[PDB]
Every structure is written in structure tokens, then in C-alpha cells.
Amino acid sequence: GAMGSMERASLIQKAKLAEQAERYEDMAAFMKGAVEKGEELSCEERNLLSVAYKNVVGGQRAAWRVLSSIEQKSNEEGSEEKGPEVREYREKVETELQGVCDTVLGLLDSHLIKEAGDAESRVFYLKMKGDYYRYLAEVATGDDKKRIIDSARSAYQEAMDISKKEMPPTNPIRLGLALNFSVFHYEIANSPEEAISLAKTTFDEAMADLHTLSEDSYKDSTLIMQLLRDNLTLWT
Amino acid sequence: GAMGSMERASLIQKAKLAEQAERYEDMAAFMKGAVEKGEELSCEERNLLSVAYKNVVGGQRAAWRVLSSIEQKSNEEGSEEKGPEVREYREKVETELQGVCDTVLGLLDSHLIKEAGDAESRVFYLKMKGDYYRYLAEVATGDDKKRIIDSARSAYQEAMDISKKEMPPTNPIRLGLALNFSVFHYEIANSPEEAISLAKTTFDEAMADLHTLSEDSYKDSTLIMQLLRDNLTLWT
Amino acid sequence: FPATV
Amino acid sequence: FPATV
Ligand SMILES: *CC(=O)Nc1ccc(-c2nc3ccccn3c2Nc2c(C)cc(O)cc2C)cc1
Ligand SMILES: *CC(=O)Nc1ccc(-c2nc3ccccn3c2Nc2c(C)cc(O)cc2C)cc1
Ligand SMILES: [Ca+2]
Ligand SMILES: [Ca+2]
Ligand SMILES: [Ca+2]
Ligand SMILES: [Ca+2]
Ligand SMILES: [Ca+2]
Ligand SMILES: [Ca+2]
Ligand SMILES: [Ca+2]
Ligand SMILES: [Ca+2]
Ligand SMILES: [Cl-]
Ligand SMILES: [Cl-]
Ligand SMILES: [Mg+2]
Ligand SMILES: [Mg+2]
Ligand SMILES: [Mg+2]
Ligand SMILES: [Mg+2]
């Protein structure tokens with residue numbers, strides 16, 4: 001790996017600089033290098049890893065959606081034939097996106113998840129696994145689509161089980177996991193009722209636990225609770 | 001080149017798709033491929049080329065400025081020593097930026113400028129040459145800095161001479177050239193009075209020619225005139 | 001699109 | 001920063 005010669009601490013330092021400079025591809029490459037040093041990641045480091053790849057794949061997903069929409073319009077009745085270029089370019093972006101997802105899933109499998117024993121780390125990584133399989137599912141149209149969806153589901157479900165046993169209902173990781181699994185249900189699994197039920201139960205159980213929190217923890221939890229509410233408002 | 005096997009028209013088509021998807025690195029690569037086909041570029045194609053590289057280098061410049069500011073702060077009195085990482089990463093971004101500039105200047109030299117005979121094309125390309133030497137000048141600190149600055153100046157001056165002879169004072173290319181050369185004077189050549197004089201004369205001569213224009217041309221010219229005014233307001 | 005984190 | 005095009 002190109003980062004093999006750089007110190008772990010230097011990779012972390014540079015990931016933080018890259019974030020400040022909004023250089024998310026660089027940030028992701030630095031954090032991949034840091035993971036490949038083989039040591040576990042701290043909370044802060046896990047969040048650097050997630051921010052980097054979320055931004056990279058987020059941009060790819062947005063581009064894929066633009067191109068997919070153009071492609072769909074090209075296959076409507078009355079649309080003039082423009083050749084293979086729209087499909088080709090959508091495929092190019094799609095392949096790049098799948099590559100990033102495979103990279104992230106590879107880091108999780110080699111060997112972040114297996115060494116993650118604390119609830120905070122294990123849930124975080126399993127949520128990531130669900131998320132990146134979800135992104136693969138968004139673009140999947142073939143024989144493996146069902147298996148990709150089931151891989152996302154399975155990762156989210158393991159994360160949910162741990163989070164419910166080991167974390168308070170206001171824990172931001174738990175809340176964010178539930179938010180994203182709810183979106184999985186709505187957008188991927190064709191299960192809007194499950195999505196709504198999960199978002200509502202999560203919100204209500206968090207509300208009941210806010211009284212236990214400091215001012216700063218309250219701020220963190222209520223921010224994510226508002227995202228749950230926003231989705232519920234969109235869906236009802 | 002990786003685009004050597006793709007049709008010119010397909011490269012242009014895909015550049016337009018990449019623009020829609022805000023995939024400016026792809027857009028630039030497609031347009032580089034189109035230039036390397038060896039045919040002259042139409043007005044629309046020249047603007048695709050410029051948009052692509054402007055966006056790419058614009059992002060690099062913004063990142064370089066963030067990193068340079070952090071580096072400057074690190075060399076103030078009382079700042080704790082953090083090692084070589086800030087300099088290294090600033091250098092990495094700088095080298096990438098210089099590479100993009102060299103790529104653009106290479107396309108202009110091989111062989112866009114020499115085949116550009118119409119005022120609209122030749123001025124456009126010479127403005128580009130000035131711009132990309134200006135971007136090199138922004139990051140230059142060595143023995144060649146004076147020569148880089150003079151290269152920008154020379155390109156802008158040739159463009160100015162042609163524009164004044166061959167284009168009306170409201171022509172958007174002429175106006176944009178003057179805008180950018182004025183910025184060169186202010187920010188690069190330490191010549192704020194020249195910058196102000198150029199912006200003011202350009203604005204005033206355009207104002208006097210607006211009466212000749214259609215509604216649509218008037219809109220185009222006044223938009224750029226407002227940028228001249230904005231700079232004058234900043235500088236006075 | 002719905003919110004995710 | 002000043003405006004350029
Ligand atoms: C140690 C740890 O992981 N702690 C942690 C990570 C991330 C968050 C967080 N806070 C906010 C606020 C607004 C929007 C998003 N976020 C996040 N993001 C996540 C959340 C909420 C949940 C998971 O599972 C992952 C992330 C990245 C708070 C605390
Ligand atoms: C054929 C040709 O080049 N025509 C042309 C190119 C670009 C513009 C133009 N219009 C606007 C409006 C708002 C902001 C910027 N611009 C541009 N950009 C340029 C300008 C004004 C001047 C030069 O020399 C290059 C560019 C890209 C209008 C007409
Ligand atoms: Ca038709
Ligand atoms: Ca075609
Ligand atoms: Ca595919
Ligand atoms: Ca462990
Ligand atoms: Ca100190
Ligand atoms: Ca250091
Ligand atoms: Ca350098
Ligand atoms: Ca010619
Ligand atoms: Cl392609
Ligand atoms: Cl570096
Ligand atoms: Mg070491
Ligand atoms: Mg359940
Ligand atoms: Mg051909
Ligand atoms: Mg003069």
C-alpha cells in the first residue's frame with residue numbers, strides 16, 4: 001500500500017488536515033493506511049474513517065443518481081437515440097462506487113470487526129457494514145441483489161441486537177444505527193411500515209431517557225432524534 | 001492516452017454528462033481526450049474545457065490556501081512543533097495543483113494556441129494561458145517565480161492587444177480577460193493602481209457600448225461588468 | 001431523500 | 001478573494 005511507509009500518527013494527522021481542506025479522497029486514503037497498520041481504532045479515529053468514506057461515496061451516489069435519471073429518460077417513448085454513452089458513463093461511476101464500497105467492506109472484514117469487542121466499536125463497524133451493503137444495493141440489478149440486501153440486513157440486525165442490550169436508548173451510535181436501518185427498510189427492503197415503526201419506537205424510547213443526560217449529551221441525542229422525526233414527517 | 005480509443009463526439013457528450021453530475025475531474029479528462037484528437041474546438045467545446053479545469057484547479061487552490069494558512073500559523077512564535085506533516089501535505093496538494101496547471105498549459109501549447117486564428121478563440125486560449133501561469137505564480141516561492149509571473153503577464157498582454165483590436169468593449173471574452181488581468185495586477189504583480197485603472201477603464205468603455213446590444217447580449221455583458229464593479233468596490 | 005448519518 | 005472568470 002502507498003501509505004505503508006508513513007507513520008500511523010502522521011496518517012491520522014494528515015486525515016485531519018484533509019478534512020479541514022475538504023479533501024475527502026485524500027482523507028479516506030490516509031485513514032485506509034491507518035487501518036492497515038493493524039491496530040484498533042479509537043473513537044475519534046473511527047469517526048475520521050467514517051467521515052472520509054461517507055463523503056466520498058456520498059458524492060458518487062449523487063452523481064450516479066443524476067446519470068441514472070438521464071438514462072431512464074433516454075429509455076422513455078419518444079426519446080431520441082443518443083448511443084451507448086449515457087449507459088457507459090453511468091456504468092463507470094457505478095463501478096467506481098462499488099469499488100469504494102468493496103474497499104470499506106474489506107477494511108471491516110480485514111480485520112476491524114473481528115477485533116472490535118466493545119459495544120461502541122462493534123456497533124459502529126456493523127452499522128458501517130450495513131451502510132456500505134445498502135449503497136451496493138442501491139445500484140444492484142442482478143442475480144446477487146437479494147444476497148446484497150440480505151447482507152445489509154444481517155449486519156444492521158447484529159448491530160441492533162448489540163445496541164439494544166449494551167447501550168442506552170439515547171446513545172448517538174444506537175440512534176444513528178436505527179435511523180439508517182429504518183431508511184434501509186423504507187428505501188431498500190420495500191418495508192415502509194417497518195421503517196416507520198422503527199423510527200417511532202426509537203424516537204419515543206430516546207425521549208424517555210433524555211432526563212438522564214447532561215446538557216451536552218442531550219444536545220447530541222436530540223440532534224439525531226430530530227432526524228428520526230424528519231423522516232417520520234416525510235413518510236407520514 | 002486513456003481516452004485515445006473513444007470517439008471525439010462521445011468524449012464531448014460525456015463531458016456534458018460529467019458537468020451535470022458535478023464530476024469535474026472526469027469532465028476534464030474527457031475534454032483533454034477531445035483536445036488530443038487534434039481538431040480545433042468550437043466555442044461550446046472551449047467552454048467545456050475551461051469549466052472542467054477551472055473547477056478542478058479551483059478546488060485545489062482552495063485546499064492549498066487552507067493548508068498554507070495552517071502551515072503559516074505553525075511557524076508563529078509560541079506554536080508547538082508538530083513535525084513535517086503539514087508541510088508535506090501542503091506540498092502534496094501543491095504538486096497536484098502544479099500538475100493540473102502543467103497539463104492545461106501543455107494542451108494550449110500542443111497545439112491549441114498555434115491553430116487558433118480567430119480573435120474569439122485566440123483570446124480565449126491566451127487568457128487561459130495567463131490564468132494557469134497565475135495559478136502557478138500563487139504557489140511559487142523559488143528561483144523561477146519571476147519568470148512564471150512574466151509568463152502570465154505576457155500571455156494576458158497578447159490577449160489584451162488582440163481583444164482591443166478585434167472585439168467590441170462589451171464582448172464577454174474581452175471583459176473576462178480584463179477582469180482576470182486586473183486581478184493578476186492586484187494579487188500577483190503588486191500593482192494595485194494598474195489593477196484599479198484597468199477595471200475602471202474596462203467598465204466605463206463597456207458601459208458606453210451597451211446601447212448597441214440585444215437584450216440577451218446586454219445581460220451577458222452586464223453580468224461581467226458587475227464583477228469588475230465588485231472588485232473595484234473591494235479595492236477602493 | 002431521507003436522512004441518514 | 002477578488003472575482004475572476
Ligand atoms: C465514539 C463514537 O462513535 N461516538 C459518536 C460518533 C458519531 C456521533 C454523531 N453525532 C452526530 C451529530 C449529527 C449528525 C451525525 N452525528 C453522528 N454520526 C453517527 C451517529 C449519530 C451514529 C453512528 O452509529 C455513527 C455516526 C458516524 C456521535 C457520537
Ligand atoms: C465563445 C465564447 O467563448 N463565449 C463565451 C464564453 C464565456 C462567457 C461567460 N459568460 C459568463 C457569465 C458569467 C460568468 C462568467 N462567464 C463567462 N466566462 C468567461 C468570460 C466572461 C470571459 C472569458 O474570456 C472566458 C470565460 C470562460 C461568455 C461567452
Ligand atoms: Ca425525434
Ligand atoms: Ca452518442
Ligand atoms: Ca454495473
Ligand atoms: Ca479488541
Ligand atoms: Ca507549548
Ligand atoms: Ca507530527
Ligand atoms: Ca513545492
Ligand atoms: Ca485555425
Ligand atoms: Cl465512460
Ligand atoms: Cl502527504
Ligand atoms: Mg510506527
Ligand atoms: Mg425489532
Ligand atoms: Mg473518430
Ligand atoms: Mg494598457
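Don't worry about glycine lacking a Cβ; one is built from the backbone with ideal geometry, like all the others, and counts go over all protein chains shown. Bear in mind these aren't lab numbers, they're just calculated from the coordinates by the rules spelled out.
Below are the figures for this structure:
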quantity: Reachable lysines, given that their alpha-carbon falls under 22 Å from the alpha-carbon of residue A:73 and they are not under 8 places away in the same chain; calculated: A:82, A:92, B:14, B:16
quantity: Hydrodynamic radius (Kirkwood) for region B:8-235, which is based on Cα pairs only, to one decimal in Å; calculated: 19.0
quantity: Sites residue B:211 and residue A:150, calculated FRET efficiency, Cβ-Cβ separation with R0 51 Å, nearest 0.05; calculated: 0.15
quantity: Inter-copy label distances at residue A:192 (7 Å, Cα→Cβ; nm, one decimal); calculated: 6.1
quantity: Distant alpha-carbon pairs in the protein assembly as shown (separation over 42 angstrom), percent; calculated: 32
quantity: Cβ-Cβ FRET estimate between residue A:71 and residue B:77, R0 fixed at 60 Å, reported to 0.05; calculated: 0.55
quantity: Sum of side-chain charges, residue B:169 neighbourhood, beta-carbon under 10 Å (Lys, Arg +1; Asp, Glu -1); calculated: -1
quantity: Sites residue A:219 and residue A:87 - FRET efficiency at Förster radius 30 Å, r taken between beta-carbons, to 0.05; calculated: 0.05
quantity: Magnitude of the charge dipole, the protein assembly as shown, Cβ model with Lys/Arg +1 and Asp/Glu -1, debye to 20; calculated: 40
quantity: Relative contact order (%) - criterion: Cα under 8 Å, at least six apart; region: chain B; calculated: 12
quantity: Inter-centroid distance (Cα atoms) of region B:93-139 relative to region A:187-221, Å; calculated: 54
quantity: Extent along principal axes [Cα atoms of region A:157-235; Å; largest to smallest]; calculated: 38, 27, 15
quantity: Gain on full stretching of the segment that runs from residue B:143 to residue B:44 - 0.36 nm per residue minus C-alpha separation; calculated: 31.8 nm
